[PDB]
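Undergrad:
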Amino acid sequence: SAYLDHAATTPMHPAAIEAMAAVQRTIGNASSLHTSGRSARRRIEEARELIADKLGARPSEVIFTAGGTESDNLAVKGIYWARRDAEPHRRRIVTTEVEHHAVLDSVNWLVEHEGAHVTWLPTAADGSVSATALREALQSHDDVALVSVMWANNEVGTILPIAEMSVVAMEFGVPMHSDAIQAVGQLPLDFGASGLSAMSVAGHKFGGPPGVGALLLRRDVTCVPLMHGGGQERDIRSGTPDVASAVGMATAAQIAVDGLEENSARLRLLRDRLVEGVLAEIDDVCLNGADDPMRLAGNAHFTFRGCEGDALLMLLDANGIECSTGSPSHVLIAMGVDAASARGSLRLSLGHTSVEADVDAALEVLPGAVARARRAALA
Amino acid sequence: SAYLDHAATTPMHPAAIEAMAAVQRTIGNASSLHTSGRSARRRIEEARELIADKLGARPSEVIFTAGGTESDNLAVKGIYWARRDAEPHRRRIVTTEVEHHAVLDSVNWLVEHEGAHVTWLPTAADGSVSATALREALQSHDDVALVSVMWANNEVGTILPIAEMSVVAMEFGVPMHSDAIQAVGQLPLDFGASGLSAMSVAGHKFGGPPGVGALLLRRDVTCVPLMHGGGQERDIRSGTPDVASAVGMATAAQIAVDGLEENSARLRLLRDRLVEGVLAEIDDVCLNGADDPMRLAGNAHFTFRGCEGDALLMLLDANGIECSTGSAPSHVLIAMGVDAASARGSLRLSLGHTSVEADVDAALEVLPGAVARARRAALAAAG
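Top line first, the protein sequences correspond to chains A and B.
Take 1 as the starting number for the first sequence in our numbering and just add one per residue.
Take 1 as the starting number for the second sequence in our numbering and just add one per residue.
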C-alpha cells in the first residue's frame, strides 16, 4: 500500500516496539515497595524525564494518559472545573472553531452539563486564528475560565501562533491549554518556553504505542481529576502506572524529536511535489489550509469540486492508495468553504516512513480516480 | 526471588506479548475506511468477540478502556450521571466499604462535587456483605441512582454474592455495577447469567498488557461518557481504538478463562499449604477474609500482632520474598472490625499463574525470622 494517512496514525518505531516488549517481560508494579516495584518505578521515571527533556518540560510536568483524547479531556474539563470551583463567576471557555472533537465535544459537554459558556474565536480562510482575536475576546469578558487552542490542525495542517497567544493569556491571568498532538516531531516544541499552562500529546502520532499519551501541566495549575484514585500521577490522574507504554512513548519521543529538523525538510519536498503534481493534472481542485512556513511539513489537503470524498477514497483504496477525507467537515465550514463544495475533500498526509514512490503512486492514480468520482456524482 | 504479589500485578502471558508485538508491526487506524483501517477494525472486533465469549457477554456489551481504574470510574460516575440527569432525585449510591479505591474515590468525588449521597452496606468480620443487607437498603431508600459491589476483594480474598445481589437490584429496578477485576481467570464469570448492568475488568490482573481494561455494559443502560470526542466505543468512551492492547487482553483472557478450573485447584493446594505453614510456625497471627468456598484461590492474608507491615515487608524483600501490605492502615480491615493498631501488621501473599511449589517453601523458610525481627524492631522503637 501507498500509505498516506499518517495524520490518522503513523507506524510505530521498530525500536519502540522493542523497548516496550522488553518492559513487558519484567514483572513489577511501579507502585509496589519491593525490588520489582522500585525497578519498574525507576524505569517509568526515566521515561518521564526523557519525554520532558524532548518536549522542553520539567519531568514533574508530565502526566501520562492513555492517549490524546484522554489528555484533552483532562485539560479542558479538569481546568474548567478547578477554575469554576474556586470562582464560580469564571465559566467561559475561549477556544477555536477548528479544534479536534476531543476538545470541541469536551467543550459542548461542559456547556450542556456544567453551565459553561463558550466564545468561539473567529477563523481565517487559512484556517488560522490570531493572537489579536484572542486579546479582543479576553478584554471584553471578565469570566474566562480557560483557553484552548490547537497548535497545528489535523485536517488542514495550519500551524497556529501559540507562543504569542500564550503571552496574551498570561497577561490576563488566564490558564491556556493547547492540543499539540499534531506537533510532536513535526515542529519545534518547548513547553517551558511557550507560556502554556497545559499541553496535550499523543504517542501514536509520532511512532509511539497506541493508547498512551501525556498532559504537560505546570506545577501550579490546579486540575480536577477525571480518573480517581489514589492519584498515582501527581494526584491528577489515577490508574496503575503503565510502564511499558511510557517507555514506548519515550523511545518514540526521542527518535522523533532528534530527527525533527532533517525529517521536516525531507517531507516538505515530498509534499510540495505532491501539491504541485495534483494542481497541474486536475481541473477544479484547490489546496486548503496555510502556506509555508505556517503549515505542517507532511500535510496536503484538497477539495475537488463535484466529488464525493467517500467515492474518492474508495477508488484510491482499490488502487492501493490509502488516505482520508479528514472528518461535513466542521473545519472546512469554519474556513468559510460551503457544505456542497466541502464534501469533495481529501487529506493526504506523510510521515517518517514516506518515500518518493508514495508520491509517484498518488499522482499516477489520482486523475483516473477523480474522473470516475465526478462521473458517479453527476448522478 | 519469590514473587508473591500477583494481586497487584501478574506476569504478562508470553503469547499475549507476541500477539501484541505482531499488531504493532502493522499500520492502521481502526476508524479508517481504507484497507489497513478495515484490517485494524477486523482485528479489534475479533478481540472484542473473544473477550465477550469468555466473559458471557454479547460483543457489543464490551467497551474497551485504559484499565480497571478507568472502567470503574466510567461505570460509577457515568451511570450516576445518567441516572441523576434523568430523575434529579436519584442521587444515592449504594456501595460496600471494602471497595477498591477506584470505586471509593469515585463515590467520594461524586459526594463532594456532584451532590451524591452514599449508603454503605454493613460489612461482616468476613470482609463479606449479603443480599439481605442490599434489600434493606433499597427498601428503605427511594432515591438510589446506582449499586456497586465488587465481586471479589483484592486484599483479603473474599468472594461476594453478586448473582443474588444482582437479582435484588433488578427487583427495585436499580442498575448494579460490580468491580470483577479480581475475578477474571479466578472465578467463573458470566455477565449474561448475573443480572449485572455493568462489570469492570483489567488485563494486567490475568496476564494481559497494562493500561487496558474493559467495561461490560448492557445494551439498555445509559452511561454518560468520561472521555469525549468520538465516541468510538458505542459513544460511551472516545479515543482512537488501541488494537494491540485489546488483542493482547484477548489472548490473555482466553488462556486465563480456559485454564480456570485447572489453575484454580492448583493454586488452592498451594495457598492452603502456605496458610497451614504460617499458622504452624508463627504465634499471634491470623488469616483474614472468608473461608473456602468464598475465597479466591490465590489469596492469603495475614495479620501478625506486634509488627509494622512495612518493616516486615522490607525484611521479606531483602530475602527475595516479594509481597504487599495491601493498602493504600487498610480501610478493608477497618471495615471488618479489626482495630487500627492491630491492623498495622498486615500482609498479603498472593499466588498466580507462574506460582510454583518453591515459592511457598521460600516464604515458609524466611517468614519465622522475618516476623521475629519485625517484632523486635517494633518493641525497640516504642522503647
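Cβ coordinates follow ideal geometry from the N, Cα and C atoms, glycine included.
Leaving out five residues before and five after A:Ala-377 in sequence, what residues of the same chain have Cβ atoms less than 8 angstroms from its Cβ?
TA: Closer than 8 angstroms at the Cβ level, and outside the excluded window around A:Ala-377, lie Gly-306, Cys-307, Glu-308, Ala-311.
Undergrad: Residues of chain B with a CB under 8 angstroms from the CB of A:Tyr-80: which are they?
TA: Those within 8 angstroms of A:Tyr-80 in chain B number zero; the least Cβ separation is about 13 angstroms.
Undergrad: Buried or exposed for B:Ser-140, going by 16 or more other Cβ atoms inside 10 Å?
TA: The residue in question, B:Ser-140, is exposed, as its Cβ has fewer than 16 Cβ neighbours within 10 Å.
Undergrad: Using the Cα positions of B:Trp-151 and B:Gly-157, report the straight-line distance between them to the nearest angstrom.
TA: Each residue's Cα considered, the two are about 10 angstroms apart.
Undergrad: Looking at the C-beta of B:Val-338, does it have a partner C-beta in chain A at a distance below 9 angstroms?
TA: No, no contact with chain A.
Undergrad: Taking 9 angstroms as the CB-CB cut-off, is A:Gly-211 touching chain B?
TA: True, the Cβ-Cβ gap to chain B drops below 9 angstroms.
Undergrad: Just verifying my parser: in three-state terms, what is the DSSP assignment at A:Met-176?
TA: Reduced to three states, the DSSP call for A:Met-176 is strand.
Undergrad: Determine the extent of the beta strand (DSSP E) in which B:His-117 is found, giving its start and end residues.
TA: B:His-117 -> beta strand (DSSP E) spans 117-121.
Undergrad: Where does B:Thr-26 fall in DSSP's three states?
TA: Here B:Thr-26 sits in coil by DSSP.
Undergrad: Tell me the rounded alpha-carbon separation between A:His-301 and A:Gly-289.
TA: The straight-line gap from Cα to Cα measures roughly 7 angstroms.
Undergrad: Output needed for A:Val-359: all residues of its chain with C-beta closer than 7 angstroms, excluding positions within five of it in sequence on either side, in chain order.
TA: Taken in chain order, the residues that qualify are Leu-270, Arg-273, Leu-274.
Undergrad: Given a limit of 7 angstroms on CB to CB distance, which residues of the region 33-45 of chain A reach chain B?
TA: Cβ contacts with chain B: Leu-33, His-34, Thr-35, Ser-36.
Undergrad: Does DSSP put A:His-301 in a helix, in a strand, or in coil?
TA: Three-state result, A:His-301: strand.
Undergrad: Of all the CB atoms in chain A, is at least one closer than 9 angstroms to the CB of B:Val-111?
TA: Closer than 9 angstroms: no.
Undergrad: Under 7 angstroms Cβ-Cβ, which residues of chain A neighbour B:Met-12?
TA: Neighbours of B:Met-12 on chain A, chain order: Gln-24.
Undergrad: With a Cβ-Cβ cutoff of 9 angstroms, do B:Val-76 and B:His-177 count as a contact?
TA: For B:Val-76 and B:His-177, yes; Cβs fall inside 9 angstroms.
Undergrad: Between the C-alpha atoms of B:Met-227 and A:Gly-368, what's the straight-line distance to the nearest angstrom?
TA: The alpha-carbon atoms of B:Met-227 and A:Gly-368 are separated by roughly 41 angstroms.
Undergrad: Between B:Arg-83 and the rest of its own chain, which residues show a CB-CB distance below 7 angstroms, the 5 nearest in sequence each way excluded?
TA: Closer than 7 angstroms at the Cβ level, and outside the excluded window around B:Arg-83, lie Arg-90, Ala-145, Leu-146.
Undergrad: Can you list, in chain order, the residues of the region 55-81 of chain B whose Cβ is nearer than 7 angstroms to any Cβ on chain A?
TA: Within the region 55-81 of chain B, the residues whose Cβ lies closer than 7 angstroms to some Cβ of chain A are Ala-66, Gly-67, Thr-69, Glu-70, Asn-73, listed in chain order.
Undergrad: Roughly how many angstroms separate the alpha carbons of B:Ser-1 and A:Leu-316, rounded to a whole number?
TA: Their backbone Cα atoms lie some 57 angstroms apart in a straight line.
Undergrad: Taking C-alpha atoms, which residue in B:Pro-209, B:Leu-364, B:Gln-232, B:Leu-217 lies nearest to B:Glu-18?
TA: Nearest C-alpha to B:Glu-18: B:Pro-209.
Undergrad: Can you tell me whether A:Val-167 is buried or exposed, with buried defined as 16 or more other CB within 10 angstroms of its CB?
TA: Burial call: exposed.
Undergrad: Identify whether B:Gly-211 lies in helix, strand or coil by the three-state DSSP scheme.
TA: The answer is coil: DSSP assigns B:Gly-211 none of H, G, I, E or B.
Undergrad: By the criterion of Cβ-Cβ separation under 8 angstroms, what are the contact partners of A:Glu-114 in chain B?
TA: Within 8 angstroms Cβ-Cβ: nothing; A:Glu-114 doesn't reach chain B, min ~10 angstroms.
Undergrad: At least one CB of chain A closer than 9 angstroms to the CB of B:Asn-108: is that the case?
TA: By this cut-off, B:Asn-108 is an interface position.
Undergrad: How would you list, in chain order, the residues of chain B whose beta-carbon sits under 9 angstroms from the beta-carbon of A:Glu-322?
TA: By Cβ distance, chain B contributes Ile-27, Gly-28, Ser-32, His-34, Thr-35, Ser-36, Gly-37.
Undergrad: With a threshold of 9 angstroms between beta carbons, is B:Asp-220 in contact with chain A?
TA: Answer no: the Cβ-Cβ gap between B:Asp-220 and chain A never drops below 9 angstroms.
Undergrad: Can you check DSSP and say which residues form a bridge with B:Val-62?
TA: DSSP output for B:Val-62 lists B:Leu-216 as bridge partner(s).
Undergrad: Can you find a C-beta in chain A that's less than 9 angstroms from the C-beta of B:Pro-225?
TA: By this cut-off, B:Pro-225 is an interface position.
Undergrad: Does the CB of B:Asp-317 have a neighbour CB from chain A at under 9 angstroms?
TA: Chain A contact via Cβ: present.
Undergrad: Less than 9 angstroms between CB atoms is the rule here; does A:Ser-349 satisfy it with respect to chain B?
TA: No, no contact with chain B.
Undergrad: Nearest to B:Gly-239 by CA position, among B:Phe-64, B:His-13, B:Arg-38, is which residue?
TA: Per the Cα distances, B:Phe-64.
Undergrad: Helix, strand or coil: which one does DSSP assign to B:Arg-348?
TA: DSSP places B:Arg-348 in strand when its eight states are reduced to three.
Undergrad: Of the residues that make up the region 299-314 of chain A, which ones have a beta carbon closer than 8 angstroms to any beta carbon in chain B?
TA: Within the region 299-314 of chain A, the residues whose Cβ lies closer than 8 angstroms to some Cβ of chain B are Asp-310, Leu-313, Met-314, listed in chain order.
Undergrad: For A:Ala-169, which residues of its own chain have a beta-carbon under 6 angstroms away from its beta-carbon, when the five flanking residues on both sides are left out?
TA: Counting only Cβ-Cβ distances below 6 angstroms, and skipping sequence neighbours, we find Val-147, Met-176.
Undergrad: For B:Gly-229, which residues in chain A fall below 8 angstroms Cβ to Cβ?
TA: Per Cβ cutoff of 8 angstroms: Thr-69, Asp-72, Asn-73, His-100, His-101, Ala-102, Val-103, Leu-104, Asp-105, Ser-106.
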